[PDB]
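Enquirer: Structure: my_file24.pdb, PDB, N, CA and C atoms.
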ATOM      1  N   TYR Q   1       5.181   0.261   5.128
ATOM      2  CA  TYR Q   1       3.850  -0.295   5.360
ATOM      3  C   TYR Q   1       2.815   0.575   4.637
ATOM      4  N   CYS Q   2       1.659  -0.022   4.326
ATOM      5  CA  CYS Q   2       0.516   0.732   3.805
ATOM      6  C   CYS Q   2      -0.166   1.484   4.943
ATOM      7  N   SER Q   3      -0.353   2.786   4.797
ATOM      8  CA  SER Q   3      -0.974   3.526   5.889
ATOM      9  C   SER Q   3      -2.464   3.236   5.977
ATOM     10  N   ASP Q   4      -3.062   2.692   4.919
ATOM     11  CA  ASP Q   4      -4.505   2.529   4.874
ATOM     12  C   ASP Q   4      -4.972   1.254   5.517
ATOM     13  N   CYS Q   5      -4.170   0.212   5.444
ATOM     14  CA  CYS Q   5      -4.527  -1.098   5.936
ATOM     15  C   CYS Q   5      -3.407  -1.767   6.720
ATOM     16  N   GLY Q   6      -2.169  -1.277   6.646
ATOM     17  CA  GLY Q   6      -1.098  -1.857   7.433
ATOM     18  C   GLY Q   6      -0.254  -2.874   6.728
ATOM     19  N   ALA Q   7      -0.607  -3.211   5.499
ATOM     20  CA  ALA Q   7       0.141  -4.213   4.779
ATOM     21  C   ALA Q   7       1.612  -3.837   4.695
ATOM     22  N   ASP Q   8       2.438  -4.863   4.579
ATOM     23  CA  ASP Q   8       3.851  -4.647   4.374
ATOM     24  C   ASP Q   8       4.079  -4.032   2.988
ATOM     25  N   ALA Q   9       5.051  -3.139   2.882
ATOM     26  CA  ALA Q   9       5.273  -2.352   1.651
ATOM     27  C   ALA Q   9       5.632  -3.286   0.481
ATOM     28  N   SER Q  10       6.077  -4.492   0.813
ATOM     29  CA  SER Q  10       6.473  -5.482  -0.178
ATOM     30  C   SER Q  10       5.255  -5.991  -0.959
ATOM     31  N   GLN Q  11       4.052  -5.639  -0.493
ATOM     32  CA  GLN Q  11       2.803  -6.042  -1.117
ATOM     33  C   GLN Q  11       2.274  -4.992  -2.084
ATOM     34  N   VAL Q  12       3.093  -4.002  -2.457
ATOM     35  CA  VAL Q  12       2.680  -2.990  -3.425
ATOM     36  C   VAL Q  12       3.151  -3.400  -4.810
ATOM     37  N   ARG Q  13       2.244  -3.373  -5.782
ATOM     38  CA  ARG Q  13       2.586  -3.621  -7.180
ATOM     39  C   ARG Q  13       1.753  -2.733  -8.101
ATOM     40  N   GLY Q  14       2.333  -2.330  -9.223
ATOM     41  CA  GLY Q  14       1.494  -1.680 -10.215
ATOM     42  C   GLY Q  14       0.930  -0.326  -9.838
ATOM     43  N   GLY Q  15       1.456   0.315  -8.805
ATOM     44  CA  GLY Q  15       0.924   1.570  -8.377
ATOM     45  C   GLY Q  15      -0.062   1.497  -7.227
ATOM     46  N   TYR Q  16      -0.356   0.306  -6.718
ATOM     47  CA  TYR Q  16      -1.376   0.118  -5.692
ATOM     48  C   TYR Q  16      -0.908  -0.879  -4.642
ATOM     49  N   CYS Q  17      -1.476  -0.769  -3.445
ATOM     50  CA  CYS Q  17      -1.380  -1.789  -2.419
ATOM     51  C   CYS Q  17      -2.261  -2.947  -2.843
ATOM     52  N   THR Q  18      -1.677  -4.133  -2.975
ATOM     53  CA  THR Q  18      -2.409  -5.277  -3.496
ATOM     54  C   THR Q  18      -3.349  -5.899  -2.476
ATOM     55  N   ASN Q  19      -3.360  -5.393  -1.253
ATOM     56  CA  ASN Q  19      -4.375  -5.791  -0.278
ATOM     57  C   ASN Q  19      -5.621  -4.918  -0.367
ATOM     58  N   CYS Q  20      -5.492  -3.623  -0.047
ATOM     59  CA  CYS Q  20      -6.665  -2.779   0.018
ATOM     60  C   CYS Q  20      -6.847  -1.921  -1.230
ATOM     61  N   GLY Q  21      -5.916  -1.977  -2.175
ATOM     62  CA  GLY Q  21      -6.057  -1.159  -3.363
ATOM     63  C   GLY Q  21      -5.648   0.288  -3.188
ATOM     64  N   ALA Q  22      -5.156   0.667  -2.023
ATOM     65  CA  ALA Q  22      -4.643   2.020  -1.836
ATOM     66  C   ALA Q  22      -3.642   2.386  -2.924
ATOM     67  N   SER Q  23      -3.632   3.664  -3.275
ATOM     68  CA  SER Q  23      -2.586   4.191  -4.167
ATOM     69  C   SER Q  23      -1.181   4.171  -3.587
ATOM     70  N   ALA Q  24      -0.178   4.111  -4.465
ATOM     71  CA  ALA Q  24       1.245   4.000  -4.048
ATOM     72  C   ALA Q  24       1.611   5.008  -2.973
ATOM     73  N   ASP Q  25       0.960   6.153  -3.078
ATOM     74  CA  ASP Q  25       1.193   7.308  -2.248
ATOM     75  C   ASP Q  25       0.935   7.030  -0.795
ATOM     76  N   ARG Q  26       0.038   6.103  -0.501
ATOM     77  CA  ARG Q  26      -0.267   5.855   0.895
ATOM     78  C   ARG Q  26       0.768   4.975   1.603
ATOM     79  N   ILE Q  27       1.769   4.450   0.905
ATOM     80  CA  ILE Q  27       2.801   3.635   1.552
ATOM     81  C   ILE Q  27       3.739   4.588   2.294
ATOM     82  N   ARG Q  28       4.062   4.241   3.535
ATOM     83  CA  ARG Q  28       4.996   5.044   4.318
ATOM     84  C   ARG Q  28       6.255   4.203   4.684
TER
END
Please express the file's structure as structure tokens.
Expert:
Amino acid sequence: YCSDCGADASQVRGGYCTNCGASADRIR
């Protein structure tokens, strides 16, 4: 999941969370 907004990790592309724009690093 994204720690910044809670999105499912499957929503990360291109180095970012595609919901809130968080960096890849914030995915846990």
Enquirer: So which residues get picked by the PyMOL selection byres (((chain Q and resi 5 and name CA) around 10) and name CA) here, written as a PyMOL selection string?
Expert: chain Q and resi 1-4+6-8+17+19-22+26-27
Enquirer: In Å, with one decimal, what is the gap from atom CA of residue 28 of chain Q to atom CA of residue 14 of chain Q?
Expert: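 Atom-to-atom, atom CA of residue 28 of chain Q and atom CA of residue 14 of chain Q are spaced 16.4 Å apart.
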Enquirer: Mind giving me the straight-line distance from atom CA of residue 10 of chain Q to atom N of residue 25 of chain Q in Å, one decimal?
Expert: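 Between atom CA of residue 10 of chain Q and atom N of residue 25 of chain Q the gap works out to 13.2 Å.
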Enquirer: Using DSSP on the backbone coordinates, identify all residues within chain Q classified as strand (DSSP E or B); present the result as an MDAnalysis selection string.
Expert: chainID Q and resid 2 12:13 16:17 23 27
Enquirer: As a JSON list (two decimals), in the frame of the given file, please: segment 6-18 of chain Q completed to N, CA, C and O atoms.
Expert:
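Result file follows (rebuild08.json):
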[["chain", "number", "residue", "atom", "x", "y", "z"],
["Q", 6, "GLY", "N", -2.17, -1.28, 6.65],
["Q", 6, "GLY", "CA", -1.10, -1.86, 7.43],
["Q", 6, "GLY", "C", -0.25, -2.87, 6.73],
["Q", 6, "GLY", "O", 0.75, -3.36, 7.32],
["Q", 7, "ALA", "N", -0.61, -3.21, 5.50],
["Q", 7, "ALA", "CA", 0.14, -4.21, 4.78],
["Q", 7, "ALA", "C", 1.61, -3.84, 4.70],
["Q", 7, "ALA", "O", 2.00, -2.66, 4.74],
["Q", 8, "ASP", "N", 2.44, -4.86, 4.58],
["Q", 8, "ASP", "CA", 3.85, -4.65, 4.37],
["Q", 8, "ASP", "C", 4.08, -4.03, 2.99],
["Q", 8, "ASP", "O", 3.42, -4.41, 2.02],
["Q", 9, "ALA", "N", 5.05, -3.14, 2.88],
["Q", 9, "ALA", "CA", 5.27, -2.35, 1.65],
["Q", 9, "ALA", "C", 5.63, -3.29, 0.48],
["Q", 9, "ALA", "O", 5.51, -2.91, -0.67],
["Q", 10, "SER", "N", 6.08, -4.49, 0.81],
["Q", 10, "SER", "CA", 6.47, -5.48, -0.18],
["Q", 10, "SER", "C", 5.26, -5.99, -0.96],
["Q", 10, "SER", "O", 5.41, -6.70, -1.95],
["Q", 11, "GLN", "N", 4.05, -5.64, -0.49],
["Q", 11, "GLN", "CA", 2.80, -6.04, -1.12],
["Q", 11, "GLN", "C", 2.27, -4.99, -2.08],
["Q", 11, "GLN", "O", 1.10, -5.05, -2.46],
["Q", 12, "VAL", "N", 3.09, -4.00, -2.46],
["Q", 12, "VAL", "CA", 2.68, -2.99, -3.42],
["Q", 12, "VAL", "C", 3.15, -3.40, -4.81],
["Q", 12, "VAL", "O", 4.28, -3.83, -4.98],
["Q", 13, "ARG", "N", 2.24, -3.37, -5.78],
["Q", 13, "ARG", "CA", 2.59, -3.62, -7.18],
["Q", 13, "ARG", "C", 1.75, -2.73, -8.10],
["Q", 13, "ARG", "O", 0.60, -2.41, -7.81],
["Q", 14, "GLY", "N", 2.33, -2.33, -9.22],
["Q", 14, "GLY", "CA", 1.49, -1.68, -10.22],
["Q", 14, "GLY", "C", 0.93, -0.33, -9.84],
["Q", 14, "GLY", "O", -0.02, 0.14, -10.48],
["Q", 15, "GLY", "N", 1.46, 0.32, -8.80],
["Q", 15, "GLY", "CA", 0.92, 1.57, -8.38],
["Q", 15, "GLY", "C", -0.06, 1.50, -7.23],
["Q", 15, "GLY", "O", -0.57, 2.55, -6.80],
["Q", 16, "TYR", "N", -0.36, 0.31, -6.72],
["Q", 16, "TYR", "CA", -1.38, 0.12, -5.69],
["Q", 16, "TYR", "C", -0.91, -0.88, -4.64],
["Q", 16, "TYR", "O", -0.05, -1.70, -4.91],
["Q", 17, "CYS", "N", -1.48, -0.77, -3.44],
["Q", 17, "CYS", "CA", -1.38, -1.79, -2.42],
["Q", 17, "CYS", "C", -2.26, -2.95, -2.84],
["Q", 17, "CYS", "O", -3.44, -2.74, -3.13],
["Q", 18, "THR", "N", -1.68, -4.13, -2.98],
["Q", 18, "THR", "CA", -2.41, -5.28, -3.50],
["Q", 18, "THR", "C", -3.35, -5.90, -2.48],
["Q", 18, "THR", "O", -4.17, -6.75, -2.86]]
